[PDB]
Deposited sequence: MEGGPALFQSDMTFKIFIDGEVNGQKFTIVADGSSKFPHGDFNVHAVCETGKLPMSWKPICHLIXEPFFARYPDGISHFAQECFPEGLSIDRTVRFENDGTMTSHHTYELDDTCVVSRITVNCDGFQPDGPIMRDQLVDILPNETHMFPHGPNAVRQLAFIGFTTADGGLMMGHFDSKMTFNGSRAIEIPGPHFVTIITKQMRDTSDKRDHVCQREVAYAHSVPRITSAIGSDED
């Protein structure tokens, strides 16, 4: 159909991540489900190459924007991109550390959104908290969504990770979501997506197994009018 019509039911998803950090190759496969009206969903991820050679925390954003809950007043761009699908190009630059560059494509097969991601994690510090797995949690944040020409939206974020030492590791997140079709698509005005994440290490024998939950919902913050009260 077109857009949200296709998300009025319970859905699933599958993710394949092709990655490398500092030259070390890794593979992640994940799946989960999201039940209408969405905005609170879980993912079960497995490192198919064994032990993840970095913290799982910075993986959080790689392992579903179309499953955020949107208000009626804001066009849900990520949902509207279907059936043609969407691409995502993203950088997260960590202060005093490496930068993750990812390229994502999303496709809908029935009620399953399949994602294929390539990711390059370059110039990470071997003795920093990312490579030494010293990130403890993932801070809640208020991502910013901006129109980005006639066929895309830009998502800007500050993704902080608290460290064992009690400090913060800050990533500067810059993501472009692009519509893959030729038909005219509505581009939402500026808005926000609150994102709350919790990751859990699961029973794992030879492969890392991590569960992650995310609550994600949009809001806006509208203008003021009178400028003397």
| query | finding |
| --- | --- |
| Unmodelled ranges, which are counted on the deposited sequence from position 1 and given in order | 1, 65, 232 to 235 |
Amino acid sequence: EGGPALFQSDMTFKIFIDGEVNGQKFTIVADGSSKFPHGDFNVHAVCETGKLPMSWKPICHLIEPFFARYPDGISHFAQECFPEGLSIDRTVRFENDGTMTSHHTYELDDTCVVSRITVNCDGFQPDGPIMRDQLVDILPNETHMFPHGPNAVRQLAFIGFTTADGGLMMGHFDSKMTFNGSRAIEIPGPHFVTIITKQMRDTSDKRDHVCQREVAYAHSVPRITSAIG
From here on, numbers count along this sequence of modelled residues.
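If you superpose the two forms and keep the largest set of C-alpha atoms that fall within 1.5 Å, you have the rigid core.
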item	value
Between stretches 183 to 191 and 197 to 205, more displaced by Cα RMS in 4 other deposited structures of this protein (rigid core superposition)	197 to 205
Greatest C-alpha divergence in 4 other deposited structures of this protein once each structure is fitted on the rigid core, 214 to 222 or 13 to 21	214 to 222
Per the entry, higher mean C-alpha B factor between 213 to 221 and 6 to 14	6 to 14
Greater mean Cα temperature factor according to the PDB record, 136 to 144 or 123 to 131	123 to 131
Residue with highest C-alpha B-factor in the PDB entry, from 69, 35, 176, 57	35
Residue with maximal Cα B-factor (values as given in the PDB entry) among 189, 50, 160, 181	50
Third assignment of residue 110 from its chain's C-alpha B-factors	highest
Third of the chain, ranked by Cα B-factor, where residue 39 sits	middle
Within-chain third of residue 194 by Cα B-factor, per the entry	lowest
Residue 28 - Cα temperature factor, lowest/middle/highest third of chain	middle
Ranked C-alpha temperature factor of residue 170 among modelled chain residues, by third	lowest
